[PDB]
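Data block below; observations after.
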Amino acid sequence: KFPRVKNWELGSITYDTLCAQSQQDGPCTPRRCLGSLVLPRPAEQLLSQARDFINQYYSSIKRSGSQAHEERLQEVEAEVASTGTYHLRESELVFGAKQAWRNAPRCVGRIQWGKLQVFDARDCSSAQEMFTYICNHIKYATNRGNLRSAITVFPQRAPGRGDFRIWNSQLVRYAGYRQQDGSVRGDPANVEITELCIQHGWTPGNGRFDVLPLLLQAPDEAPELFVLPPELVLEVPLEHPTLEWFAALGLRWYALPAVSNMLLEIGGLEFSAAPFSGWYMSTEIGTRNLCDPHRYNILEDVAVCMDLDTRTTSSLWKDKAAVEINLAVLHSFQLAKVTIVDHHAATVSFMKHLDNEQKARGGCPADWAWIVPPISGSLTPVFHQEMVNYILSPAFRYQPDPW
Amino acid sequence: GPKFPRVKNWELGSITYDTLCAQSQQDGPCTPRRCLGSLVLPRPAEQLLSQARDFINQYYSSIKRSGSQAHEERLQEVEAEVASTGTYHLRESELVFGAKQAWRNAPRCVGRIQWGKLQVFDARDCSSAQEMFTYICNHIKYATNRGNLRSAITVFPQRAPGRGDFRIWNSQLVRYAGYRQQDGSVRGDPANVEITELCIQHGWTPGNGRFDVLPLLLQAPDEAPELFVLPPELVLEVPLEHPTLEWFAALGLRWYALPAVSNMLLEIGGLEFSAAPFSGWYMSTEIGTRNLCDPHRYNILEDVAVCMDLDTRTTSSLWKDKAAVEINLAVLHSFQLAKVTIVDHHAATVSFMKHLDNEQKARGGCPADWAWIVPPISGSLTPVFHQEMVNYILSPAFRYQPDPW
Ligand code: HEM
Ligand code: HEM
Ligand SMILES: Cc1cc(N)nc(CCCCCCCc2cc(C)cc(N)n2)c1
Ligand SMILES: Cc1cc(N)nc(CCCCCCCc2cc(C)cc(N)n2)c1
Ligand SMILES: C[C@H](O)[C@H](O)[C@H]1CNc2nc(N)[nH]c(=O)c2N1
Ligand SMILES: C[C@H](O)[C@H](O)[C@H]1CNc2nc(N)[nH]c(=O)c2N1
Ligand SMILES: [Zn+2]
């Protein structure tokens, strides 16, 4: 029943009892494990999720069983029975957004989970208003380089109508221009959204790092285009501490990682637009975004500049170039005084987080493949830590693209 | 599409469906409620016969004589034997097939493109610890082949009805001693502190170096294990140096040529071969990243970083990553110089991708454990990081077995 969880570096063992609180099945069965897959393939039920969430909330404020708790359960029940749905109080929304983050198995930054600014944007009625709230978020979160975690929550999905959606996958994305000869200029991850923006009327540039406009959608309307004011998108030019030519690569990344296409589920209610942001771990930029062969793919270029023997894998040219690029990212963010965390510091804080959650809740859902960094895995303590992965609610969830 | 798991490569965009998993007859540790894929060790008569029939069907399929008269006579032969003895025995060619298939089936092995090239030594006539030692030395000589390594397994008698097992007590044929110190630190390999102490309890005179090769504790049915020293000339080792950092050689680090697992159970058609040591060649990260840099192994990162004059006082200098790369390069360079077979993690993962394609066509899938397949440095720089994998247990199989003591 309750899995034993061992750390193989220290020999310490815990038991996950928190997983018993899971109500949603993942993709694994006793016949086969699907844990490396990136994606998975009525009133009575809303009422149970609603009730369980309100119980979660009153328990957190230590008022479990109180008058307030009972009356609030009655409101929820009365509202659902009459209308087939309900609405959260602001404080409940705040609690549920933090819990969704806390519950996120793929997030290595969860030590921070209790520190989240929640902007309530549920009184939004147009793409125009969405834009204003998004700019306020960016400005707040960016804070001239001293980044602060934030979420803005737009109106929940409703039975009658279409969703509020932000089409872009992040608030900040560089264009990817598909070229005649089949290559890509810019970020190949963003080809499709770049073509959408143009098709909806954007005048495209032709750089490797052109910031995309937002396509914002109010219910049952065509999305609208909105150019972010350049002054709101903080960027960091990349340079290397000792390698002078590196700056000459013209590389850069944006300060603010802000995910904008995930669904936030709290107590059975769904928030189809609820962008959220923290600060980056350097390997996201230095390893994945710049070195993935299907991303900016700069490994070779960097290795030649370093004059490495590129002819053979056993010279470890890829490994050496990747280290330097990661170093350049850390250096430059430090130089520009913009919050960043390296993969060693981040995984150490995650280990402290596991221990906190063990005491607090008796476990912590974690996806080992996503937690362990993409370079130097076993040099970080999380590589040696067993982890149990399961879905708790409140949750952030993947949702299909709106087009 | 199909009612089998969809498997995607996020680098290339390509998709397959694993149909092979339908052949799995044994449950792993995961359920719909929670994934336990990251756990290292998760916790007959009519049963034997059904496993035997399945294995014999597998054998006859592989030789394309499925449904044939020889196929039906063999099945009858197996149940007759089980009917009268409670057990049965494999033909030589059945053993060779099952051993290769146990390797092909191993989800944690990245080297499986080589699975068809395994020399299977049949040692099922062995009846003493002394003879086990001879067989093991022959295995070591054949497999080592003066640095031109050749994959091999040697198979000792199977488990039998309430008669004791053949066991090799050591986890590998080559292991460096780990000596517990008066201050609680370890000299040598901390992985091997228990077996080192077991060797001394059984009469071994200990050394005091960081790289003392252990003797073997070999157990024949119903006897106490006996101790055997490997002739030093049989254990090929590689002194580590670095191609440009001249001081690395002065560190006195080394590793042995032959990775030879000796404590796993080989299961074929319900038969259990408790002693069946097998060996291949190393992927360089196993030595240079894990064995040398794990904090709970030789733990050399800080020493190397100090020699490289790195800033070890702050995580963000990436001193750990820089030192680990150089140590891996030293491992590769030293083995190449010594002419001892080794494969780096780029070339190994690339060959594992080819393996996956071959197996897609041949069997409809390939059981693979993503956390074990992805190397412990430079993970996402290798093509396997971007490749989804389905993990499931097929038989024949290599299985972990409890330590004999
Ligand atoms: C405070 C700084 C934070 C750091 C350093 C951090 C770290 C990370 C990293 C490295 C990833 C993997 C990203 C990738 O591989 O593409 C990630 C994923 C994720 N994080 Fe965080 N995180 C932070 C804050 C947040 C916040 C504020 C939230 C939401 C309130 C959040 C929720 C998530 C979710 C839901 C994922 C998985 C996304 C997916 O499945 O696509 N994180 N985190
Ligand atoms: C030919 C060269 C080979 C290479 C490069 C190779 C590579 C590897 C690596 C890197 C591991 C993970 C070890 C660790 O992290 O400690 C492994 C595990 C494994 N390999 Fe191979 N392998 C090779 C040959 C073999 C052979 C000949 C067999 C058996 C016939 C084999 C069966 C296994 C098994 C059963 C495991 C899992 C061990 C466990 O769970 O403890 N491999 N392999
Ligand atoms: C198909 C698919 C599914 C899925 N769940 N996720 C993805 C892409 C994941 C992109 C997330 C990248 C943003 C990560 C992030 C978010 C935050 C808030 C902080 C931080 N340091 N990093 C694709
Ligand atoms: C507790 C535990 C369980 C388990 N299944 N496995 C382990 C790890 C044992 C380490 C296995 C070392 C395999 C080394 C090897 C073996 C072969 C044949 C080739 C090659 N390159 N490497 C521990
Ligand atoms: C196939 C595999 O699951 C996939 O490549 C995962 C591996 N681990 C990851 N880990 C993080 N943090 N982010 C990722 O995108 C991925 N990709
Ligand atoms: C907890 C975790 O499963 C454990 O540290 C695993 C991770 N991946 C591994 N991968 C390989 N090849 N070898 C290992 O010993 C491990 N250890
Ligand atoms: Zn699983």
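Going from the start of the chain as shown, residues are counted 1 onward.
The way this entry was determined, per its header, is X-ray crystallography, 2.0 Å.
Placed from the backbone N, Cα and C atoms, the Cβ positions cover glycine too.
What Swiss-Prot lists as Zn(2+) binding site is A:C28, A:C33, and the listing cites similarity to another entry. Under the heading (6R)-L-erythro-5,6,7,8-tetrahydrobiopterin binding site, Swiss-Prot lists A:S36, A:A369, A:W370, A:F383, citing similarity to another entry as support. Annotation source Swiss-Prot lists heme b binding site at A:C107, A:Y398, citing similarity to another entry. What Swiss-Prot records for A:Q170, A:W279, A:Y280, A:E284, A:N289 is L-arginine binding site, and it gives similarity to another entry as the kind of evidence.
Mapped onto this structure are the features recorded in Swiss-Prot.
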| residue | record | Cβ neighbours (10 Å) |
| --- | --- | --- |
| A:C28 | Zn(2+) binding site | 25 |
| A:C33 | Zn(2+) binding site | 29 |
| A:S36 | (6R)-L-erythro-5,6,7,8-tetrahydrobiopterin binding site | 26 |
| A:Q170 | L-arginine binding site | 20 |
| A:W279 | L-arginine binding site | 21 |
| A:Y280 | L-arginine binding site | 24 |
| A:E284 | L-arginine binding site | 17 |
| A:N289 | L-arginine binding site | 18 |
| A:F383 | (6R)-L-erythro-5,6,7,8-tetrahydrobiopterin binding site | 21 |
| A:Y398 | heme b binding site | 10 |
Discussion item. Using Cβ atoms only, which residues of the same chain lie under 8 Å from A:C107 (heme b binding site) while being at least 6 residues apart in sequence?
Written reply: A:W101
Worksheet item: Taking CB atoms only, which of the binding-site residues A:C33, A:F383, A:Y398 fall under 8 A from chain B?
Response: A:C33, A:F383
Worksheet item: Among the binding-site residues listed here, A:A369, A:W370, which has the most company in the form of other Cβ atoms within 10 Å of its Cβ?
Response: A:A369
Worksheet, complete the sentence: Restricting the binding-site residues A:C28, A:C33, A:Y280, A:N289, A:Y398 to those with Cβ under 6 angstroms from ligand 5 leaves none
Response to the item:
One would quote the Cα-Cα distance in Å spanning the 11-residue unmodelled segment from A:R41 to A:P42, in whole numbers, as 22
Discussion item. Taking ligand 3 as the reference and 6 angstroms as the Cβ limit (strictly under), which binding-site residues among A:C107, A:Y280, A:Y398 are close?
Written reply: A:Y280, A:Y398
Worksheet item: Taking only the binding-site residues A:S36, A:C107, A:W279, A:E284, A:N289, A:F383, which have a CB closer than 6 angstroms to any atom that belongs to ligand 1?
Response: A:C107, A:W279, A:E284
Discussion item. To the nearest Å, how far is the Cα of A:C33 (Zn(2+) binding site) from the Cα of A:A369 ((6R)-L-erythro-5,6,7,8-tetrahydrobiopterin binding site)?
Written reply: 13
Discussion item. Helix, strand or coil by DSSP: which one applies to A:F383 ((6R)-L-erythro-5,6,7,8-tetrahydrobiopterin binding site)?
Written reply: helix
Practice prompt. Compute the C-alpha separation of A:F383 ((6R)-L-erythro-5,6,7,8-tetrahydrobiopterin binding site) from A:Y280 (L-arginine binding site), stating it in Å without decimals.
Written response: 20
Practice prompt. Have a look at the binding-site residues A:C28, A:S36, A:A369, A:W370, A:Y398 and say which one has the shortest Cα distance to A:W279 (L-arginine binding site).
Written response: A:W370
Discussion item. In whole Å, how far does the CA atom of A:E284 (L-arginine binding site) lie from that of A:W370 ((6R)-L-erythro-5,6,7,8-tetrahydrobiopterin binding site)?
Written reply: 11
Worksheet item: Looking only at A:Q170, A:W279, A:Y280, A:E284, A:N289, the residues listed as binding L-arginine, what is the longest Cα to Cα distance in Å?
Response: 15
Item to complete: Out of the binding-site residues A:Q170, A:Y280, A:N289, A:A369, A:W370, give me the one sitting nearest to A:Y398 (heme b binding site) by CA distance.
Response: A:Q170
Practice prompt. List, in sequence order, the residues of the same chain other than A:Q170, A:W279, A:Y280, A:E284, A:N289 whose Cβ lies within 8 Å of the centroid of the Cβ atoms of the recorded L-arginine site.
Written response: A:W253, A:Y254, A:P257, A:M281, A:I285
Item to complete: For A:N289 (L-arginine binding site), identify the closest of the binding-site residues A:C28, A:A369, A:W370, judging by Cα separation.
Response: A:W370
